[PDB]
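Contents: one structure, followed by commentary.
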Amino acid sequence: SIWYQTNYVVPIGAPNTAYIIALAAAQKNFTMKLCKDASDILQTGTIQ
Amino acid sequence: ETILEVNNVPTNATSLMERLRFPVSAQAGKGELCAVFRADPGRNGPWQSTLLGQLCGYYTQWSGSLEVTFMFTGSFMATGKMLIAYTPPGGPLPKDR
Amino acid sequence: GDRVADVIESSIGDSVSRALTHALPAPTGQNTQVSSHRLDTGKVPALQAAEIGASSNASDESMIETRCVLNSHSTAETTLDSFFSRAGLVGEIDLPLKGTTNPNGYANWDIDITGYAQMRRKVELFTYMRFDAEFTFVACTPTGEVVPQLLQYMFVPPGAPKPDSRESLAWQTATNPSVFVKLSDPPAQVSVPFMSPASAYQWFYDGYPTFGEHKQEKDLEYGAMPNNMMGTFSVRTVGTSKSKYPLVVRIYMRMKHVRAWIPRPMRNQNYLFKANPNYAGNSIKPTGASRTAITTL
Amino acid sequence: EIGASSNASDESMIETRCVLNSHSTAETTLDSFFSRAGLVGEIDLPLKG
Amino acid sequence: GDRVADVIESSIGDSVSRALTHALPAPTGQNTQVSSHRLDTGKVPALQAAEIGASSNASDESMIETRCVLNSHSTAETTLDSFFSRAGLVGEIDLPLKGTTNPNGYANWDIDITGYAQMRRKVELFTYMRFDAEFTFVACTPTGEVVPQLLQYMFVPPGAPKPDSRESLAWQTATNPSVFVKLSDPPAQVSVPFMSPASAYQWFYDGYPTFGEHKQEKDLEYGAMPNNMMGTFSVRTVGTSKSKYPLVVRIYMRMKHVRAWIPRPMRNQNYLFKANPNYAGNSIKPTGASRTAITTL
Amino acid sequence: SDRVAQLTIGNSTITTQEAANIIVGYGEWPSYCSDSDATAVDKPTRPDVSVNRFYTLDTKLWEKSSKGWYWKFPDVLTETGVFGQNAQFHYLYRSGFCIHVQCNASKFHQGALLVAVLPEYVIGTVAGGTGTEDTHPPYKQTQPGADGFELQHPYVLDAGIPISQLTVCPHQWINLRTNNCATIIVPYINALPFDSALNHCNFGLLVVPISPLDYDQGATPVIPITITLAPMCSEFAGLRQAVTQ
Amino acid sequence: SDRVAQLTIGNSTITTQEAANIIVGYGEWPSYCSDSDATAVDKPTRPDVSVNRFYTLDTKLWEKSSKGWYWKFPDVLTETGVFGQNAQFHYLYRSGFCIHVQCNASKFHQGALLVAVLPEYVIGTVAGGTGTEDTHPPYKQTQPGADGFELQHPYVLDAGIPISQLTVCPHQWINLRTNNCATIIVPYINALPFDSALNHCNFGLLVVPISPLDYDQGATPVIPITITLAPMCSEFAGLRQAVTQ
Ligand SMILES: Nc1ncnc2c1ncn2[C@@H]1O[C@H](COP(=O)(O)O)[C@@H](O)[C@H]1O
Ligand SMILES: Nc1ncnc2c1ncn2[C@@H]1O[C@H](COP(=O)(O)O)[C@@H](O)[C@H]1O
Ligand SMILES: CCCCCCCCCCCCC/C=C\[C@H](O)[C@H](N)CO
Ligand SMILES: CCCCCCCCCCCCC/C=C\[C@H](O)[C@H](N)CO
Ligand SMILES: [Cl-]
Ligand SMILES: [K+]
Ligand SMILES: [K+]
Ligand SMILES: [K+]
Ligand code: NA
Ligand code: NA
């Protein structure tokens with residue numbers, strides 16, 4: 001969860017709204033196991 | 001790192017790009033909530049936009065720490081302090097800061 | 001750095017589990033030593049105090065005059081692998097033609113071995129078990145007949161798409177493991193590793209899988225251990241048209257490389273439901289046979 | 001903006017304990033991921049077709 | 001024993017207070033060194049950042065061209081003992097004949113030195129103080145006259161019976177310390193040790209002496225520190241009949257062997273009550289003199 | 001010299017002059033989790049004395065007709081003292097326990113209680129009596145808290161297993177002519193290094209009369225059974241707000 | 001490299017890119033109580049990470065007319081998290097604190113806050129205005145809890161002493177053109193080795209605007225001041241039931 005600790009403050013002349021972009025990844029202690037098929041199958045009918 | 005669609009709400013083709021970023025703006029100083037999302041990387045939701053989430057889908061089990069890096073794209077003259085929290089299992093969605 | 005004495009001298013953090021007992025090799029039954037009469041005060045092997053919680057330490061030698069016996073009787077058949085590494089039935093799957101259940105030519109079986117009492121009672125002697133397994137699939141028609149029919153078995157782990165028809169795209173099986181075999185071939189057989197996210201499977205879990213209020217409607221979740229839920233076993237006749245024959249697939253499991261912990265009382269009432277110890281309250285029977293009087297055979 | 005992923009680790013963001021991680025990375029090798037047979041073609045040979 | 005690493009490597013329990021500063025001997029004011037012109041980039045002694053919380057580190061030498069001055073001015077008179085070891089008035093006790101207050105020939109004074117502003121303002125410069133003291137008792141009639149009268153002063157610690165009359169059995173003083181002296185004698189004088197149950201007396205205690213609800217009626221107890229309550233000072237004319245003369249006893253205290261901690265802002269509003277910092281809200285005055293304009297003297 | 005004992009831990013001490021030794025479950029003492037068995041990365045909190053101490057939680061009355069009772073651990077303590085608070089504020093918990101069940105009478109009373117610890121004590125229901133209804137026990141029966149719960153069918157431990165074999169678990173007996181208490185030390189038992197104190201009960205404590213209480217008219221008829229227990233080597237991790245369930 | 005900082009303790013991390021160094025009160029770091037200074041004999045509990053962490057307790061709005069506020073320690077925390085629980089269950093407590101006051105604006109706003117720590121901050125009353133009435137401040141003014149309390153007469157700190165000399169106490173300034181936070185580390189200050197977290201506040205935290213907030217119409221007018229603090233080296237003793245006062 002993300003909260004305002006203080007406030008977004010800006011002087012006269014600058015936009016009152018701005019955006020944040022989030023980038024995610026795994027740390028070096030991350031591993032996966034038990035190989036399986038993905039939940040999605042990207043085709044509806046036969047692919048021609 | 002790949003882009004996490006925290007803002008996974010718009011669905012019309014013309015607004016899909018808006019899912020890639022979320023906003024902040026001047027508030028009332030009441031420690032207001034900006035956004036929330038589950039941290040489960042292989043669950044439906046924001047993480048599906050990430051390569052990690054997709055690769056995760058080919059494995060039944062996973063283990064490890066995750067990291068989310070937030071980049072502020074407002075103007076140079078904008079300042080602010082945000083509190084980002086991670087609530088371990090069992091804790092319901094925090095009602096306040 | 002630590003400077004106050006109570007901190008220096010504390011045992012907070014000792015990770016070594018102090019053990020009061022240790023295993024000894026015992027490949028054969030113990031021998032008997034010669035003994036003679038003992039007419040003594042102070043020494044009293046026969047007298048015990050069961051309240052302590054331990055079993056009697058009295059032996060043959062101290063209760064009667066014994067001879068010497070060199071016992072070479074082996075203890076090998078009572079090892080966990082000896083007791084458990086024997087294939088038993090753990091699942092039956094029907095694939096009928098004209099049917100109420102699976103008339104569509106495929107079937108999904110949630111992997112749970114608690115549907116058959118012989119196997120179940122044996123594994124429930126322990127609380128936690130860790131092992132590898134060999135699965136064998138015996139297929140035939142309901143009369144025990146063998147027909148020239150090709151089948152596909154697929155292992156679908158939690159999260160993989162379960163097939164919903166004989167023609168599901170999921171049968172492409174690009175990542176899940178599948179076995180293609182004919183009914184005319186010998187039974188298919190494969191090895192399976194220990195797959196739980198936990199260090200062991202546990203036949204008993206006194207708890208709930210999630211947090212929250214545990215209201216009457218979510219009471220069916222008491223005892224549900226996702227760590228034991230390995231997925232689904234799917235089978236289908238391999239074709240775009242319905243099979244000409246009704247089939248039955250019987251699944252046998254043989255455990256190997258077994259480890260077990262925390263023995264418990266063995267089931268003495270009939271089982272009623274899978275993974276749940278409910279018993280019929282109106283038909284509570286004694287554990288064994290009964291007689292008319294305690295002074296009569 | 002630099003183009004690199006964050007270099008921050010658990011140890012520097014919270015007080016951590018020592019954990020000896022023996023979890024294997026073997027199943028995520030290319031051969032592990034790809035050396036599994038999957039369907040790539042279907043060919044029909046009908047009679048009346 | 002400790003085995004998990006976080007326990008071994010933890011600093012829980014470090015009793016050594018890591019100190020960033022240390023005292024240096026400074027018996028005289030610092031000297032001035034010769035300096036010359038500096039025409040440099042990068043070096044900027046004059047510029048500071050008060051926000052940090054520290055005082056400026058700039059010195060005479062770096063702001064102007066200075067000569068050498070050997071400063072032998074002593075710093076001895078500004079030590080705590082120099083500042084505090086001077087007797088000041090801390091109590092006055094009246095023993096009138098025909099009176100409203102003490103017409104019975106004895107008086108009890110609760111030891112509290114906050115009744116006189118000169119002494120009080122000085123000790124309140126610090127939060128905690130530890131010291132020994134020399135008490136001097138100056139007695140005479142209200143006109144400053146000396147009469148041939150004998151008095152008894154008794155120190156009554158908390159818990160000892162306070163006298164309730166000139167003839168109280170408590171004046172037997174078998175254990176408490178008493179001083180018998182004539183008004184004609186020089187002032188009585190004694191040494192007193194540091195008596196608090198705490199390591200120091202504290203002129204400020206932000207708290208309550210007891211647990212419970214702190215309702216309006218028990219708000220007079222906010223700030224009451226029993227650790228500062230040393231008892232009662234009792235005085236009586238030594239006789240079974242009323243004295244022929246009205247008396248006044250003035251109590252002077254001279255601290256010695258002083259230690260003090262935590263300096264604080266000095267009182268700038270008149271005192272109103274003993275051991276309580278109340279001030280008159282309607283008469284809040286500036287700390288000092290004022291003028292008509294900032295550009296005029 | 002085996003009949004007499006003192007158990008001191010934290011700011012609490014227990015004495016007994018009619019003991020029957022002490023049982024250490026499965027032959028091993030409680031210990032903290034090793035750096036190799038652990039998996040969670042945050043530094044744990046080990047409150048020590050404030051939580052590893054004796055808590056006296058409940059008293060039951062032994063009657064000539066009592067069926068027996070059970071308690072679940074750590075459930076019995078989740079709402080008590082500093083231990084409870086820690087169990088509520090943290091996702092992860094782990095600890096051992098020293099259990100001391102008390103019951104004294106007179107040299108003229110008689111009876112024997114079986115005191116045992118059963119790991120993963122899953123409760124079953126009577127399935128609608130006929131065994132056709134797949135019912136489940138309610139939260140108050142699975143996690144009864146400090147009050148414990150009375151057994152409906154002791155012979156099958158309300159779980160379809162024979163109480164006659166419960167002695168395969170760590171246990172002691174309180175046989176009135178012999179002793180007035182049972183003491184059992186239990187290490188942390190689970191297939192995971194840490195777990196939730198709220199969602200999972202690691203074991204159950206059973207106190208069941210096997211030889212009924214008896215005495216002649218005129219002898220004190222109120223014979224209480226009191227339960228005292230102490231967590232040992234408590235560790236907590238995964239801190240957030242307090243949660244009761 | 002003095003303007004940038006990271007404070008990490010427990011499971012909490014604070015960052016700032018406009019700092020002004022760090023003040024360590026009276027030149028010394030918090031430490032645990034030594035075996036020679038101690039007097040109580042029970043073994044203390046030192047919860048560590050579960051209580052020595054950053055807690056964000058309150059946000060005030062800085063207005064062009066604000067007078068200033070104060071908070072009392074450890075009062076602000078007695079009802080929060082695992083620290084609060086420990087403070088309630090134990091008679092004795094002791095700890096240091098890391099205080100981090102936050103306030104950012106823009107390069108076009110201006111103003112300066114004085115952030116200081118005053119030990120034994122005894123509050124006085126205006127004595128009925130005339131100074132003839134010996135009144136006392138109510139519990140809610142002496143121990144205001146997390147909300148803090150607004151100064152009635154900042155010039156005399158509501159205690160008859162000059163705020164002009166408050167800089168003789170550990171302090172920093174938040175001067176908007178320079179920094180956006182103040183960080184002060186405070187050791188345990190008292191004339192006793194341990195004391196009650198409930199009956200005695202060891203010091204007060206004052207945040208007072210000395211140069212008023214100002215900006216032109218159109219610039220963000222809501223300028224919050226947030227208070228975050230972390231106990232350090234917390235120790236508790238004298239365990240019994242929980243008490244709130
Ligand atoms: N519980 C047991 N079961 C079978 N054989 C045993 C057992 N304990 C000891 N032995 C055998 O007896 C010998 C040890 O006798 P002792 O030194 O008196 O314990 C060994 O060589 C073992 O083969
Ligand atoms: N704060 C001070 N007040 C008075 N004299 C000082 C002070 N600090 C240093 N000195 C004197 O200056 C000498 C040390 O100079 P320095 O080594 O540059 O600190 C000593 O011999 C002291 O007598
Ligand atoms: C190609 C087909 C392969 C078939 C794959 C079989 C995988 C079976 C894994 C063994 C799992 C052991 C049993 C685990 C749990 C119990 O049955 C119940 N869930 C207990 O609740
Ligand atoms: C034979 C007579 C001897 C007289 C004995 C005098 C003992 C005086 C002890 C010095 C005490 C120092 C002052 C202590 C506290 C303050 O006055 C106030 N209580 C502050 O609230
Ligand atoms: Cl997930
Ligand atoms: K043998
Ligand atoms: K490793
Ligand atoms: K000098
Ligand atoms: Na014996
Ligand atoms: Na400078």
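Identifiers for the structure tokens are assigned positionally: chains receive A, B, ... in sequence, residues are indexed from 1 per chain, and ligands are indexed from 1 in the order shown.
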Exercise. Restrict the distance test to only C-alpha atoms, flag each residue of chain G within 7 Å of chain E, and return the flagged residues as a ChimeraX atom specification.
Key: /G:20-21,23,27-34,120-122,124-127,129-131,136,138-139,159-162,165-166,168,171-175,191-192,199-202,245
Practice problem: Kindly provide, as an MDAnalysis selection string, the residues of chain E having any atom no farther than 12 Å from an atom of chain D, counting only C-alpha atoms. | Solution: chainID E and resid 3:10
Exercise. Identify, on the basis of only C-alpha atoms, every residue whose closest approach to residue 1 of chain D does not exceed 12 Å; exclude the query and any residue fewer than 5 positions from it along the same chain; express the result as number ranges by chain.
Key: A: 21, 23; B: 69-73; D: 6
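The list of residues with at least one atom within 7 Å of residue 61 of chain B, based on only C-alpha atoms and without residues fewer than 2 positions apart in the same chain, reads residues 32, 33 and 34 of chain A; 59 of chain B.
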Exercise. Kindly determine which residues of chain G lie within 8 Å of chain B, considering only C-alpha atoms, and give the answer as number ranges by chain.
Key: G: 59-61, 104-107, 220, 222-224
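Take atom CA of residue 49 of chain B and atom CA of residue 13 of chain D: the distance between them is 25.4 Å.
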Please tabulate, as CSV, the residues of chain E that come within 6 Å of ligand 4, each with its closest pair of atoms and the distance in Å to one decimal, counting only C-alpha atoms and all ligand atoms and ordering rows by chain, then residue number upward.
```
residue,atom,partner,partner_atom_place_in_ligand_line,distance
E:111,CA,ligand 4,17 (O),5.7
E:112,CA,ligand 4,17 (O),3.2
E:113,CA,ligand 4,17 (O),3.9
E:114,CA,ligand 4,17 (O),5.7
E:153,CA,ligand 4,1 (C),5.5
E:154,CA,ligand 4,1 (C),5.0
E:155,CA,ligand 4,2 (C),4.7
E:177,CA,ligand 4,1 (C),5.6
E:178,CA,ligand 4,1 (C),4.9
E:179,CA,ligand 4,1 (C),5.4
E:203,CA,ligand 4,20 (C),5.5
E:228,CA,ligand 4,15 (C),4.4
E:229,CA,ligand 4,19 (N),5.1
E:230,CA,ligand 4,9 (C),5.9
E:233,CA,ligand 4,4 (C),5.9
E:275,CA,ligand 4,21 (O),4.7
```
Exercise. Determine, counting only C-alpha atoms, which protein, DNA and RNA residues have an atom within 10 Å of an atom of residue 58 of chain B; residues of the same chain fewer than 2 positions away are not included. Present the result as a VMD selection string.
Key: (chain A and resid 32 to 39) or (chain B and resid 42 53 to 56 60 to 61) or (chain C and resid 159 to 160 175 to 176) or (chain D and resid 28 33)
Quiz item: Can you list, as a ChimeraX atom specification, every protein, DNA or RNA residue that comes within 7 Å of residue 141 of chain C when you count only C-alpha atoms, leaving out same-chain residues fewer than 5 positions away?
Solution: /C:146,246-248
Just-selected residues, N, CA, C and O atoms written as a compact mmCIF listing (two decimals), in the first residue's frame:
```txt
# COMPACT_ATOMS: atom_id res chain seq x y z
N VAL C 146 -9.04 -56.15 -23.14
CA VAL C 146 -8.02 -55.28 -23.68
C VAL C 146 -8.42 -54.94 -25.10
O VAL C 146 -8.71 -55.83 -25.89
N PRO C 246 -15.78 -48.31 -23.62
CA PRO C 246 -15.86 -47.77 -22.26
C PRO C 246 -14.59 -48.26 -21.55
O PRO C 246 -14.15 -49.40 -21.73
N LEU C 247 -13.99 -47.40 -20.75
CA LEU C 247 -12.74 -47.75 -20.12
C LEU C 247 -12.69 -47.48 -18.65
O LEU C 247 -13.49 -46.70 -18.11
N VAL C 248 -11.73 -48.13 -18.01
CA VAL C 248 -11.46 -47.96 -16.59
C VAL C 248 -9.95 -47.89 -16.42
O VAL C 248 -9.19 -48.70 -16.99
```
Exercise. Return as an MDAnalysis selection string the residues of protein, DNA or RNA that approach ligand 9 to within 8 Å, with only C-alpha atoms and all ligand atoms taken into account.
Key: chainID C and resid 43:49 56:58
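Comparing C:23, C:63, C:76, C:195 by their smallest distance to chain B, the closest is C:195 (using only C-alpha atoms).
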Can you check which parts of chain A lie within 8 Å of chain G? Per residue, the shortest pair of atoms and distance in Å to one decimal, counting only C-alpha atoms, sorted by chain and number, as CSV.
```
residue,atom,partner,partner_atom,distance
A:5,CA,G:226,CA,6.9
A:6,CA,G:224,CA,5.2
A:7,CA,G:224,CA,6.5
A:9,CA,G:220,CA,5.5
A:10,CA,G:220,CA,5.7
A:11,CA,G:219,CA,4.4
A:12,CA,G:219,CA,4.7
```
Exercise. Write down, as JSON, numbers by chain, each residue of chain D that has any atom within 10 Å of an atom of chain A, counting only C-alpha atoms.
Key: {"D": [5, 6, 7, 8, 9, 10, 21, 22, 23, 24, 25, 26, 27, 28, 32, 33, 36]}
Those residues you just picked out, can you put them in a file as an mmCIF file, in the first residue's frame with C-alpha atoms?
```cif
data_model
loop_
_atom_site.group_PDB
_atom_site.id
_atom_site.type_symbol
_atom_site.label_atom_id
_atom_site.label_comp_id
_atom_site.auth_asym_id
_atom_site.auth_seq_id
_atom_site.Cartn_x
_atom_site.Cartn_y
_atom_site.Cartn_z
ATOM 1 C CA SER D 5 17.588 -2.747 -12.336
ATOM 2 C CA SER D 6 17.800 -1.889 -8.651
ATOM 3 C CA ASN D 7 20.872 -3.084 -6.759
ATOM 4 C CA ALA D 8 19.204 -2.807 -3.320
ATOM 5 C CA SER D 9 19.001 -6.042 -1.309
ATOM 6 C CA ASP D 10 17.026 -7.353 1.610
ATOM 7 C CA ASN D 21 19.487 -21.106 1.019
ATOM 8 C CA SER D 22 19.959 -24.458 -0.626
ATOM 9 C CA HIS D 23 17.076 -24.014 -3.093
ATOM 10 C CA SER D 24 18.280 -25.261 -6.532
ATOM 11 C CA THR D 25 18.339 -23.276 -9.785
ATOM 12 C CA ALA D 26 18.535 -26.359 -11.970
ATOM 13 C CA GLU D 27 14.969 -26.473 -13.231
ATOM 14 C CA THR D 28 15.240 -23.057 -14.827
ATOM 15 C CA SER D 32 14.936 -27.955 -18.365
ATOM 16 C CA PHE D 33 12.397 -25.485 -19.701
ATOM 17 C CA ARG D 36 9.717 -31.473 -22.870
#
```
Exercise. Name the residues of chain D that come out as alpha helix (DSSP H) in a backbone DSSP run; write them as a VMD selection string.
Key: chain D and resid 10 to 13 30 to 34
Quiz item: Skipping near chain neighbours, those fewer than 6 positions away, what residues fall within 7 Å of residue 209 of chain F using only C-alpha atoms, listed as a PyMOL selection string?
Solution: chain F and resi 67-68+112-114
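Take the candidates C:132, C:145, C:185, C:110 and check each one against residue 235 of chain C using only C-alpha atoms; the shortest distance goes to C:110.
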Quiz prompt | Nearby polymer residues, ligand 5, at most 7 Å, only C-alpha atoms and all ligand atoms, as a list in words | solution = residues 40, 41, 42 and 43 of chain B
Exercise. Could you please tell me, as an NGL selection string, which residues of chain G have an atom within 12 Å of chain F when using only C-alpha atoms?
Key: :G and (9-12 or 41-53 or 55 or 80-90 or 234-243)
Since we have the selection now, will you write its residues out, keeping N, CA and C atoms, as a short mmCIF file (atom, residue, chain, number, x, y, z; two decimals), in the first residue's frame?
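Now in again.cif:
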```cif
data_model
loop_
_atom_site.label_atom_id
_atom_site.label_comp_id
_atom_site.auth_asym_id
_atom_site.auth_seq_id
_atom_site.Cartn_x
_atom_site.Cartn_y
_atom_site.Cartn_z
N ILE G 9 16.16 0.67 10.51
CA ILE G 9 16.12 0.01 11.80
C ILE G 9 14.87 -0.84 11.84
N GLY G 10 15.01 -2.08 12.30
CA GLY G 10 13.88 -2.99 12.31
C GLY G 10 13.48 -3.32 10.87
N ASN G 11 12.19 -3.30 10.57
CA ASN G 11 11.72 -3.58 9.21
C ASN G 11 11.36 -2.28 8.52
N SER G 12 11.95 -1.19 8.98
CA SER G 12 11.64 0.13 8.45
C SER G 12 12.83 0.94 7.97
N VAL G 41 16.40 -6.44 40.18
CA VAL G 41 17.06 -7.72 39.97
C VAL G 41 16.52 -8.69 38.92
N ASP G 42 15.31 -8.48 38.42
CA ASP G 42 14.80 -9.42 37.44
C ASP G 42 15.48 -9.27 36.09
N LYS G 43 15.59 -10.37 35.35
CA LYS G 43 16.21 -10.32 34.04
C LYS G 43 15.26 -9.53 33.13
N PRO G 44 15.75 -8.47 32.49
CA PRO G 44 14.94 -7.63 31.60
C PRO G 44 14.60 -8.35 30.31
N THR G 45 13.68 -7.78 29.55
CA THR G 45 13.34 -8.32 28.24
C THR G 45 13.76 -7.20 27.26
N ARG G 46 14.42 -7.59 26.18
CA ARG G 46 14.90 -6.66 25.17
C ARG G 46 14.40 -7.22 23.84
N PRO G 47 13.13 -6.94 23.51
CA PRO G 47 12.39 -7.37 22.32
C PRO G 47 13.09 -7.10 21.00
N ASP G 48 13.99 -6.12 20.99
CA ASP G 48 14.76 -5.80 19.78
C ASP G 48 13.92 -5.29 18.59
N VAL G 49 14.06 -5.94 17.43
CA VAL G 49 13.37 -5.50 16.22
C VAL G 49 11.86 -5.27 16.26
N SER G 50 11.16 -6.00 17.11
CA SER G 50 9.71 -5.82 17.16
C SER G 50 9.32 -4.47 17.76
N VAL G 51 10.22 -3.83 18.51
CA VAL G 51 9.90 -2.54 19.12
C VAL G 51 10.85 -1.41 18.75
N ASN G 52 12.08 -1.74 18.36
CA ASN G 52 13.02 -0.69 17.97
C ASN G 52 12.89 -0.58 16.45
N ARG G 53 11.95 0.25 16.02
CA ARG G 53 11.68 0.43 14.60
C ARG G 53 11.00 1.78 14.46
N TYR G 55 8.07 4.36 13.83
CA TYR G 55 6.62 4.45 13.89
C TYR G 55 6.26 5.86 13.43
N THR G 80 0.82 2.14 20.89
CA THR G 80 1.14 1.70 19.54
C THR G 80 2.06 0.49 19.43
N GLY G 81 1.66 -0.47 18.61
CA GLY G 81 2.45 -1.66 18.37
C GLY G 81 2.98 -2.47 19.53
N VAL G 82 3.97 -3.30 19.23
CA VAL G 82 4.56 -4.15 20.24
C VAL G 82 5.27 -3.34 21.34
N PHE G 83 5.74 -2.15 21.01
CA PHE G 83 6.36 -1.29 22.01
C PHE G 83 5.31 -0.98 23.09
N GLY G 84 4.16 -0.46 22.65
CA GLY G 84 3.08 -0.12 23.56
C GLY G 84 2.71 -1.26 24.48
N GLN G 85 2.51 -2.43 23.90
CA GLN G 85 2.17 -3.58 24.71
C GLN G 85 3.22 -3.79 25.80
N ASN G 86 4.50 -3.72 25.44
CA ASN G 86 5.54 -3.93 26.44
C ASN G 86 5.53 -2.89 27.53
N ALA G 87 5.25 -1.65 27.13
CA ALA G 87 5.20 -0.54 28.06
C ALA G 87 4.03 -0.69 29.03
N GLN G 88 2.97 -1.34 28.57
CA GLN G 88 1.82 -1.54 29.42
C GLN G 88 1.96 -2.73 30.37
N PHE G 89 2.59 -3.82 29.91
CA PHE G 89 2.74 -5.02 30.74
C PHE G 89 3.86 -4.95 31.77
N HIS G 90 4.79 -4.02 31.57
CA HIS G 90 5.91 -3.88 32.48
C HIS G 90 5.91 -2.61 33.30
N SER G 234 15.52 -0.56 23.56
CA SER G 234 14.44 -0.71 24.52
C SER G 234 14.65 -1.89 25.46
N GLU G 235 14.39 -1.66 26.75
CA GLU G 235 14.50 -2.66 27.81
C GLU G 235 13.28 -2.51 28.72
N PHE G 236 12.73 -3.64 29.15
CA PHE G 236 11.57 -3.64 30.04
C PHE G 236 11.76 -4.63 31.18
N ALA G 237 11.17 -4.33 32.33
CA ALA G 237 11.26 -5.23 33.49
C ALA G 237 10.06 -5.02 34.40
N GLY G 238 9.93 -5.89 35.40
CA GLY G 238 8.82 -5.77 36.34
C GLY G 238 7.51 -6.09 35.66
N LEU G 239 7.42 -7.33 35.19
CA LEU G 239 6.26 -7.83 34.48
C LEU G 239 5.04 -8.18 35.34
N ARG G 240 3.86 -7.79 34.86
CA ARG G 240 2.59 -8.13 35.49
C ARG G 240 1.49 -7.97 34.45
N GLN G 241 0.26 -7.67 34.84
CA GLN G 241 -0.80 -7.51 33.84
C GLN G 241 -0.65 -6.17 33.14
N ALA G 242 -1.31 -6.03 32.00
CA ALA G 242 -1.25 -4.77 31.28
C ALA G 242 -2.04 -3.69 32.01
N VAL G 243 -1.51 -2.48 31.95
CA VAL G 243 -2.09 -1.31 32.61
C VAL G 243 -1.92 -0.15 31.62
#
```
